[PDB]
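Here's the structure we're looking at; comments come further down.
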Amino acid sequence: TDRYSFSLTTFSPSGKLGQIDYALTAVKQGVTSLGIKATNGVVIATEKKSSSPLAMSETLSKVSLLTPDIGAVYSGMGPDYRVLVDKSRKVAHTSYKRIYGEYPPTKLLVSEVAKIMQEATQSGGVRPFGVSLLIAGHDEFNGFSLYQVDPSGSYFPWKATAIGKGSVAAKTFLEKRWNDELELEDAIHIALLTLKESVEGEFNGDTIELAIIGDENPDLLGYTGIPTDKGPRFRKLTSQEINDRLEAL
Amino acid sequence: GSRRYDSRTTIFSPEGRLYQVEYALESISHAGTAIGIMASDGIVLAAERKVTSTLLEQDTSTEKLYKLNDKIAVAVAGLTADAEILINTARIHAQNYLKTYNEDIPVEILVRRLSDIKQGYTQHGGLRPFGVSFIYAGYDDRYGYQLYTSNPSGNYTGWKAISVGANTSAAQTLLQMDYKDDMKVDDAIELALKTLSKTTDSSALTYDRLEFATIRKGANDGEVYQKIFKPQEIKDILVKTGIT
Amino acid sequence: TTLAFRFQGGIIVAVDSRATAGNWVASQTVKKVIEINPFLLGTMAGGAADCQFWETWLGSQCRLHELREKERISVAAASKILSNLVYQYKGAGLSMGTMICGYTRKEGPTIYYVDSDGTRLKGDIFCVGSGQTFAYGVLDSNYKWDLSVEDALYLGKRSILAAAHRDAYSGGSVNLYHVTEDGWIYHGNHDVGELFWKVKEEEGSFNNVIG
Amino acid sequence: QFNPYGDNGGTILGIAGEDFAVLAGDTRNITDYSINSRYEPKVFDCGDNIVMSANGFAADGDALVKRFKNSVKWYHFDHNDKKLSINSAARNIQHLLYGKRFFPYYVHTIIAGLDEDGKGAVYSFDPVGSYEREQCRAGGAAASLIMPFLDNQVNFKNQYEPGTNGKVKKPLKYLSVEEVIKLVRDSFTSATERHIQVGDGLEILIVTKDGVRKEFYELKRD
Amino acid sequence: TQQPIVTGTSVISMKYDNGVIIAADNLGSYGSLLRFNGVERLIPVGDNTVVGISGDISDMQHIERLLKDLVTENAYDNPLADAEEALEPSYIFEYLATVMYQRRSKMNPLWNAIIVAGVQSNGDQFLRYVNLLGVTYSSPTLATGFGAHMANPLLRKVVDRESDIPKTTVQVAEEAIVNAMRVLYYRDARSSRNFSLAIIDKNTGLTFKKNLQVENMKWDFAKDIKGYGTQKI
Amino acid sequence: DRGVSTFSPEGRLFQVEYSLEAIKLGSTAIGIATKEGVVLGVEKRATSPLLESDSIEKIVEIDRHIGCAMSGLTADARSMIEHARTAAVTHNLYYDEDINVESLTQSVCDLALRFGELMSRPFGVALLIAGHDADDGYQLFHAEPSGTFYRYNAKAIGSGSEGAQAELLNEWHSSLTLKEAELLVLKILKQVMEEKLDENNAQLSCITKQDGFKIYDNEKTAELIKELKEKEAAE
Amino acid sequence: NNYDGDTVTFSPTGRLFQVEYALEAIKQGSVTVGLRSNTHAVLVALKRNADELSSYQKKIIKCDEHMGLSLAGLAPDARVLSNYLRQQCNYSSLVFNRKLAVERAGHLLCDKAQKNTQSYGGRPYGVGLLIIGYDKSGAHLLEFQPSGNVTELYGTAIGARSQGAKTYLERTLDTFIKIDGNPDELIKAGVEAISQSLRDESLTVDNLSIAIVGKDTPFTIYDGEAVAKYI
Amino acid sequence: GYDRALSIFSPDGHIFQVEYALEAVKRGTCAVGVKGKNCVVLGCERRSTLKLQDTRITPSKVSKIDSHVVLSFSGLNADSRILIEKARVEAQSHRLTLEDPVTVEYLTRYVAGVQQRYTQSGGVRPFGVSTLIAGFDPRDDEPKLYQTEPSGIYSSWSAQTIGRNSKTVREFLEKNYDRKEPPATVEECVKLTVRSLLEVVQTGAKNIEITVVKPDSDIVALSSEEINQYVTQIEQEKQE
Ligand SMILES: [Mg+2]
Ligand SMILES: [Mg+2]
């Protein structure tokens, strides 16, 4: 029986929560990921840093669909991210869709993920999650949005941001280039430029993972005949689609 | 077995203090300052966000000021994630009370409940306390306008003017100097911003580093209105009170 | 048939002695006053086991109360311990109709009717059982607050006799108690067979019956 | 639908003398119109000079006796081998019975022995544990045939002194154990004649200060 | 609460001078359908006990597994498992009786009537009955179901009381048992011709006979029976 | 740290040994068993003169035939007394008789080793349990937080105990009257108490077969103190 | 040392110190002897008083008509274990109409003690027991340690100075095993064996505790004047 | 569930978590109780590091447990709320089942029992609170005053004080309280109580609270003015 019913994260004399600080350090080591909000979309992007070349890195998905209009990326511990994605997909249903018959708005799904992360910071016998998330989404009444969630459970909305390794440089790069009139293609172009700085090796469609929240894709719905159902706004760009935009770089 | 790794979060020191409560209070002293001031015709809540960025989406951002119901709001100093756990609980208690009695929850009954929840984490369960101090601003028809604070011990007290977070010693001295009982909400607004202006660790006080709210019976006839100020409205009241 | 009433000298408790299963008279020597403690009496009607079991249990709770509080339990408190208990069991099929009788300094002589459907009634005169209506007639028409102890005892005896005569399921013998502030006093067992003839002669009542 | 109860017939009888007590029972066990056994003992020595019979549904009767025996064992373990007195045994059995108040032992229990002054004692229980000390008690099938007889012949009910025509009761003399046993045998002989479930054998357990003795008599087997 | 589905009819038994005999037919009925024709309802436990079971067959198969598991368990950490600490008939019975009463008390009976027949360590005959209600009893002869109504009267003419037991040889007892089985075959509509018989003797141990048949049957007189009153042809 | 149920290298339970230390700091309690009764006396030890000393309750009725005196962390005794009272009353409910003094004592002692990681620590109080039953007459037991109980002809517990026990060793004999036992308890309490013994800072009680357990009035004890003073002044 | 904080920790040489410390509590206990013939089994126990005003602490506990034991060490632990034995003897009688074999009782005690040696939060039992009984295979004597080791013996002793008694019984083995049909002689050999472990004090009438069980002898305990005969 | 034995014995027989609970009591604002002949007064110190405090709404230091009994305390304020809630629930439960309100002693015994339980239950720490509980038993005119502490011991007092500097004010009460003649009026009792706090308080300003409890559920808190007249008259007799 789990006999660790006491907190493993506690306050030190200086007021610090050590385990949260250390989770944040694990995030700091993580591969860079970023997101940029345009007027008509959001882009999230990261590097697919393949662990061996015998690994098939398209089978490792760092950018994840949470709902048809919400996607997530991370920096830090991959396995922690994968389980959070499973829980986030589920909670979108159990605490929202099965009640209201519609997917949650971005900010409330973020809220639910954040709560899960907060509880790993206070509940008995567990450590905090060693990841920061960037969550991009659209919903009818709030439009496009982009949030960061940290190991403490704190979340903040951004116009554009970066997390992980090269984030201090990437954020300065983004402050120069961001304005409130970017069109989604502009934000994609800026994302690719920003991401090049933190990437050492190969830089192409097979080593970059990029997704957008944009227009509804009726072609990805899987059925026709219900006028109000127009398709998911989340879309992962292909290897080829990324490379096309890398000549325009 | 597992005992070896237990910090024992709910023990007295030899001086009869609660270690984790004391250390949570130390954490809270580095949070952005929040101020509440109670006037005869309403209440002001003013709080400083922690060092921003130009890329932060301010108009969709909330980190200090939260609505508990239509008559009660809080200002937060400390761990934001911890605060949201408690805030959602308080929102539920308020609705439970409304459902049971068909009357809005009196401010103190809400405050006492949240404070009892905090107290429990200091006495049983072996969990760390919530790293949060609240200022509660609200109205009910028994006591009218009221200000309370609570902290990680679950202790709460009522105030005419109060601060929490960073530099409360300096802030409190300044409030005590200029506060007067017959003061009005528009006067209280100015006192709150002047006080933040002087105690801030920032170079200057600008709209993008503030959150601001008033609770006024400046809602037409015997009824109360909460106003969480938009970024542009914070910008205007900074100019109008001549801080920018 | 069981009865209890309050008067200037305390409380009279009087009961018959008969238990039946259908028409079969199982016993004529049943003890229908349960001696809860030296200051408290309860009467048996309904289920014999439910009354016995829970009223001697009541005696245990009364004893614990006075150990903890260093004071005699009130009749109010004692009766409520029983009624709260049976109320917990409501619907499960307990059968009980009882008078909890005592005489304390704070209350004076006190009687509570307690019942398995959770009723708890304070009053001056109660009568419970298949013969209760016969007992009430005699009680109601002769009762006064200012009866002497001797006349009160006789009245209680005479009322059970009335019931024993007319009610097929009442009889055997009459048990009498007098409850004072200093405890109850037993006033003996009176065979109804002998009592009936004796009362008929001395009183001239029951002219309908040939003796 | 499953019926958890049955009726195994049987008739039992306990009588308290001045310094002795007897508990008697027939040894026939039946269901419906069949005989299961002509000799299935139903009165038991439980230790500490206590005898017991739980008449009615034999499965419940056996379970209760077994439990009581066990309770005697644990009373010795828990209270320094103190002898379980008959009044204490009786209260204890009330609690065993009332513990199954809402799914009762379908039996009429009688125990016999001597009280703490050496006087004969009999206690009688209903199926859910109300009890009383008694001088005389028959239980089971032929109880209604036997009790009126004992009222008349043990307590001298309705007998008056010749010559007084009802003015002076026949005075209540004490019966010897030989006398009591005669009344027991005639009780069962009579019950055997008129009740189909009574017969085969009569086993009497006699309790005195010297311990527990047994006697057995044949009854008619038809 | 349930209801018996596949069922076995009578078990019959008696004591004789040196042991006990027990018998039961080999049928498992399904209501009035005589469904299963090679069912063994006498189950030996070791070399000193035979448990005979009537009533529900699914419950019989359960009890049979309980008994087998009892033997396994008794042997655990028991150097004297095949000597002084072998299972006695009386241990096996008390265990079954405990289980039966417990199951009835939970309103979920094992729908059976059971006779445990055997010989104890000291040579004493053991014969005792228990059923779905937890009712138990002993007699020099025991039978379940129809056997109680038809076998017992016949068996009691051989051993009518305790003192008859030492006068009853195994030959007289077996013949009495075999005749009773014929009578049940005549008169019980849920009986079969085929049965098993077991003798547990204090000298010769356990003899277990399978595939016995009812024989020497009288049917010839039937040829003369015509109509139901007045018919002559 | 180390478990609450740890043995020391000498084969003793640390926590039990340490509770024994807390008991040594307690006010003194004394009992003396005679063939006419058992006496129980205690030092009240009020911490200030404004404390109303008749609110100090260190002698306690368990049943009519059983009394109890305590020494140590006396707040710990309340659940022990509650248990003892429940056990005495429960036994009478089940058996229609008085429970034996030893059986009652054993039942209290069964509580004691029920601590672990059940209560979180041993009790920090010792009890003198005195009473009468028909089988073993007048009895006095000493119940410890180790779960052991010893029967005694006389016994002292608390801070004055080994001075008091030496005294009791010398003064006890099998013919003491009740009156003699009362004076003896008073005299030994007077000996080992810091303050001057009087009727407001010591308390007496007895249990007799006839009258059961009784705590003495202050007026009654005052008389016995006076009578003690005069017998001492008379040699 | 760093390995003796709880029962769930092996030392680097594979030892269990909390169990060894539990064993140490038995060693401080007052001596008790057990021995048997082929018809009887006997317990003798030297009881300990607290002082001259106090009773002598009882050492012998009856478990059933055919079984009982004596203790050395923590007495409340003996009460827990003997209570468990009573229940198991009882269960065997009620369910199987069968007297619990002494060997089976030993196995049950071993397993009950073992659980307190392998889990967090428990502590081992701090008591040793000598169990005698008479069952279907005759007279038996068992020694129980709270490590959970249970051993069948002709004779033994446990407690302070038990070594003297134990050596005596080792020499006498061929004599006492043959004391069949004479309860008093077996007890004498028992009182003699226990005498090899006394110093300073000797066997008095409130000091001495004897129990016996055998062929036609329910487990019975002798104390007080009933042991004067053997003093 | 979290089960850890936090209150345990030390080698010298001390339970340090209970002793440290008392240290929390020592730090709390001073509280005093004094019984007159027909009343009881409870006085409480208010630490004056807090102006801008709203005194209408700030939790008061004396709490009604029922209409005839009050409780004050020194120590952890948050802890005291837990005991006050439990005591109020128990007071109503006693009325419901016994059909009589609690005696002051019964209520004290209950609160003290809760405090003790928290010194030997796994996973909890002791209350950092001592209490003064005062009032009148139903239909009784004899005044009652009891004290409890973190260990769960309780006792009755003619007058008593707890919290910081209570050594000093107990000093004062022991020299100024005569048992043979208790403060025979409300006035005398309230004056003796304000005097005792003036040994320790500072300004007799809104530093001192006073609550009077009389028989028959007659309970009232004095205001700043009425206390001020006591403060005033006390120092004017001083210069002499
Ligand atoms: Mg109740
Ligand atoms: Mg016939």
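A note on labels: chains of the structure tokens are A, B, ... as shown, every chain counts residues from 1, and ligands are counted from 1 in their shown order.
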Discussion item. Please identify all protein, DNA and RNA residues within 6 Å of ligand 1, counting only C-alpha atoms and all ligand atoms, and report them as an MDAnalysis selection string.
Written reply: chainID C and resid 81:82 84:85
Taking only C-alpha atoms into account, report as a short mmCIF file (atom, residue, chain, number, x, y, z; two decimals) with N, CA and C atoms, in the first residue's frame which residues of chain F lie within 8 Å of chain C.
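Contents of selection21.cif, as written:
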data_model
loop_
_atom_site.label_atom_id
_atom_site.label_comp_id
_atom_site.auth_asym_id
_atom_site.auth_seq_id
_atom_site.Cartn_x
_atom_site.Cartn_y
_atom_site.Cartn_z
N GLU F 61 -14.69 6.94 40.68
CA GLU F 61 -15.50 5.72 40.74
C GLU F 61 -15.58 5.06 39.37
N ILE F 62 -15.34 3.75 39.33
CA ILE F 62 -15.49 2.95 38.12
C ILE F 62 -16.83 2.20 38.18
N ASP F 63 -17.12 1.62 39.34
CA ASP F 63 -18.45 1.08 39.64
C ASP F 63 -18.62 1.15 41.15
N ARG F 85 -15.42 1.96 33.06
CA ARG F 85 -16.83 2.11 33.40
C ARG F 85 -17.73 1.37 32.42
N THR F 86 -17.42 1.48 31.13
CA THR F 86 -18.17 0.79 30.09
C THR F 86 -18.05 -0.72 30.26
N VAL F 89 -20.10 -1.90 33.45
CA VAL F 89 -21.53 -1.81 33.15
C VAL F 89 -21.94 -2.85 32.09
N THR F 90 -21.12 -3.00 31.05
CA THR F 90 -21.37 -3.99 29.99
C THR F 90 -21.40 -5.42 30.55
N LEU F 93 -24.59 -5.98 32.29
CA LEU F 93 -25.67 -6.14 31.32
C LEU F 93 -25.70 -7.56 30.77
#
Please find the residues of chain B near chain A - the criterion being any atom within 7 Å, counting only C-alpha atoms - and write them as a compact mmCIF listing (two decimals) with C-alpha atoms, in the first residue's frame.
# COMPACT_ATOMS: atom_id res chain seq x y z
CA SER B 2 8.31 5.52 4.27
CA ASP B 6 8.46 12.50 5.88
CA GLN B 20 5.57 25.40 7.23
CA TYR B 23 8.01 29.45 5.60
CA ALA B 24 4.85 29.89 3.49
CA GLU B 26 8.21 33.97 3.81
CA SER B 27 7.23 32.82 0.29
CA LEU B 55 4.62 39.68 -24.90
CA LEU B 56 2.26 38.82 -22.02
CA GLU B 57 -1.39 38.99 -23.12
CA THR B 60 -6.91 38.07 -21.00
CA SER B 61 -4.64 37.70 -17.95
CA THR B 80 -1.33 31.41 -8.05
CA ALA B 81 -2.03 27.71 -8.65
CA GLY B 126 0.83 15.67 6.56
CA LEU B 127 0.52 17.87 3.46
CA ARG B 128 2.15 21.24 2.83
Fill in: Test item: residues lying within 10 Å of ligand 2 with only C-alpha atoms and all ligand atoms, as a ChimeraX atom specification
/D:33-35,196-197,199,220-222
Distance-based interface of chain C with chain H, 8 Å, counting only C-alpha atoms, as a compact mmCIF listing (two decimals) with N, CA and C atoms, in the first residue's frame:
# COMPACT_ATOMS: atom_id res chain seq x y z
N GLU C 69 -21.61 12.05 35.21
CA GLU C 69 -22.11 13.37 35.59
C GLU C 69 -22.27 13.56 37.10
N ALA C 76 -36.84 12.79 31.98
CA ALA C 76 -36.81 13.37 30.63
C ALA C 76 -35.66 12.79 29.81
N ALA C 77 -34.46 12.79 30.39
CA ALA C 77 -33.27 12.30 29.70
C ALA C 77 -33.30 10.78 29.52
N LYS C 80 -35.80 9.73 26.88
CA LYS C 80 -35.35 10.13 25.55
C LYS C 80 -34.24 9.23 25.00
N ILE C 81 -33.39 8.71 25.89
CA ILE C 81 -32.39 7.71 25.49
C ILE C 81 -33.08 6.50 24.85
Item to complete: Might you pull out every residue within 7 Å of segment 149-166 of chain H, with only C-alpha atoms counted and same-chain residues fewer than 3 positions away left off, and present them as number ranges by chain?
Response: F: 50-52, 55-56, 75; H: 18, 21-22, 25-35, 74-75, 112-113, 115-116, 119, 126-131, 145-146, 169-170, 200
Those same residues - N, CA and C atoms - I'd like them written as a compact mmCIF listing (two decimals), in the first residue's frame.
# COMPACT_ATOMS: atom_id res chain seq x y z
N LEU F 50 -5.34 30.19 43.55
CA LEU F 50 -6.61 30.59 42.94
C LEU F 50 -7.36 29.41 42.29
N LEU F 51 -6.66 28.29 42.10
CA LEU F 51 -7.27 27.06 41.58
C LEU F 51 -8.14 26.42 42.67
N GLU F 52 -9.42 26.22 42.36
CA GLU F 52 -10.36 25.62 43.32
C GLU F 52 -10.09 24.12 43.38
N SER F 55 -12.08 20.88 42.43
CA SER F 55 -12.19 20.54 41.01
C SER F 55 -11.05 19.62 40.53
N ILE F 56 -10.14 19.25 41.43
CA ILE F 56 -9.06 18.32 41.09
C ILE F 56 -9.55 16.92 41.40
N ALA F 75 -4.78 13.70 32.19
CA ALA F 75 -5.71 13.82 31.06
C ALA F 75 -5.80 12.50 30.28
N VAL H 18 3.25 18.73 22.75
CA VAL H 18 2.31 19.31 23.71
C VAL H 18 2.95 20.50 24.42
N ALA H 21 3.11 23.31 22.15
CA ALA H 21 1.78 23.89 22.02
C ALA H 21 1.56 24.96 23.08
N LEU H 22 2.02 24.70 24.30
CA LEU H 22 1.96 25.70 25.38
C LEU H 22 2.78 26.95 25.08
N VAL H 25 0.72 29.16 23.23
CA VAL H 25 -0.22 29.81 24.14
C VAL H 25 0.44 31.02 24.82
N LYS H 26 1.65 30.83 25.34
CA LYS H 26 2.41 31.92 25.97
C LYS H 26 2.52 33.15 25.07
N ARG H 27 2.66 32.94 23.77
CA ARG H 27 2.80 34.03 22.80
C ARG H 27 1.49 34.76 22.49
N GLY H 28 0.36 34.12 22.77
CA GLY H 28 -0.93 34.70 22.43
C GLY H 28 -1.26 35.87 23.34
N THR H 29 -2.16 36.74 22.88
CA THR H 29 -2.62 37.86 23.70
C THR H 29 -3.18 37.35 25.02
N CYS H 30 -3.04 38.18 26.05
CA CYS H 30 -3.42 37.80 27.41
C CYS H 30 -4.93 37.72 27.55
N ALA H 31 -5.38 36.73 28.31
CA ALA H 31 -6.79 36.60 28.65
C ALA H 31 -6.90 36.36 30.14
N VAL H 32 -7.94 36.92 30.75
CA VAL H 32 -8.15 36.81 32.19
C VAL H 32 -9.62 36.57 32.48
N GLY H 33 -9.89 35.81 33.53
CA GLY H 33 -11.25 35.64 34.02
C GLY H 33 -11.29 35.77 35.53
N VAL H 34 -12.35 36.40 36.03
CA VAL H 34 -12.52 36.70 37.44
C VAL H 34 -13.98 36.45 37.78
N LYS H 35 -14.26 35.66 38.81
CA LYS H 35 -15.65 35.51 39.24
C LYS H 35 -15.98 36.38 40.44
N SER H 74 -6.15 31.94 24.66
CA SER H 74 -4.90 32.49 24.16
C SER H 74 -4.19 31.41 23.36
N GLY H 75 -3.57 31.81 22.26
CA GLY H 75 -2.83 30.88 21.41
C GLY H 75 -3.18 31.09 19.95
N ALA H 112 -11.83 19.94 26.72
CA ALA H 112 -10.58 19.37 27.24
C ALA H 112 -10.34 17.97 26.69
N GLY H 113 -11.42 17.20 26.54
CA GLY H 113 -11.33 15.86 25.97
C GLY H 113 -10.90 15.89 24.51
N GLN H 115 -9.04 18.25 23.21
CA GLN H 115 -7.63 18.64 23.24
C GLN H 115 -6.72 17.45 23.55
N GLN H 116 -7.11 16.63 24.53
CA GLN H 116 -6.33 15.44 24.88
C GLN H 116 -6.23 14.46 23.71
N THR H 119 -3.57 14.83 21.36
CA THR H 119 -2.21 14.57 21.85
C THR H 119 -1.83 13.09 21.80
N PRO H 126 -1.17 18.71 18.49
CA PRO H 126 -2.00 19.29 19.54
C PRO H 126 -2.48 20.70 19.20
N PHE H 127 -3.58 21.12 19.82
CA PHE H 127 -4.06 22.49 19.67
C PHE H 127 -3.12 23.44 20.40
N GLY H 128 -2.72 24.53 19.74
CA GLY H 128 -1.89 25.55 20.37
C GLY H 128 -2.78 26.57 21.05
N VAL H 129 -3.60 26.09 21.99
CA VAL H 129 -4.67 26.88 22.58
C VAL H 129 -4.92 26.47 24.03
N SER H 130 -5.07 27.47 24.90
CA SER H 130 -5.63 27.28 26.23
C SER H 130 -6.90 28.10 26.26
N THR H 131 -7.88 27.67 27.05
CA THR H 131 -9.16 28.36 27.08
C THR H 131 -9.61 28.70 28.50
N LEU H 145 -16.04 29.21 36.40
CA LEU H 145 -14.88 29.57 35.58
C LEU H 145 -13.94 28.38 35.56
N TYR H 146 -13.62 27.90 34.36
CA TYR H 146 -12.71 26.79 34.18
C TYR H 146 -11.61 27.16 33.20
N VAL H 169 0.04 39.09 35.62
CA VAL H 169 -1.36 39.36 36.02
C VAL H 169 -1.86 38.31 37.02
N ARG H 170 -1.31 37.10 37.00
CA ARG H 170 -1.62 36.11 38.05
C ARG H 170 -1.04 36.56 39.39
N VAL H 200 -0.28 44.90 32.57
CA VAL H 200 0.36 44.27 31.42
C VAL H 200 0.07 44.94 30.06
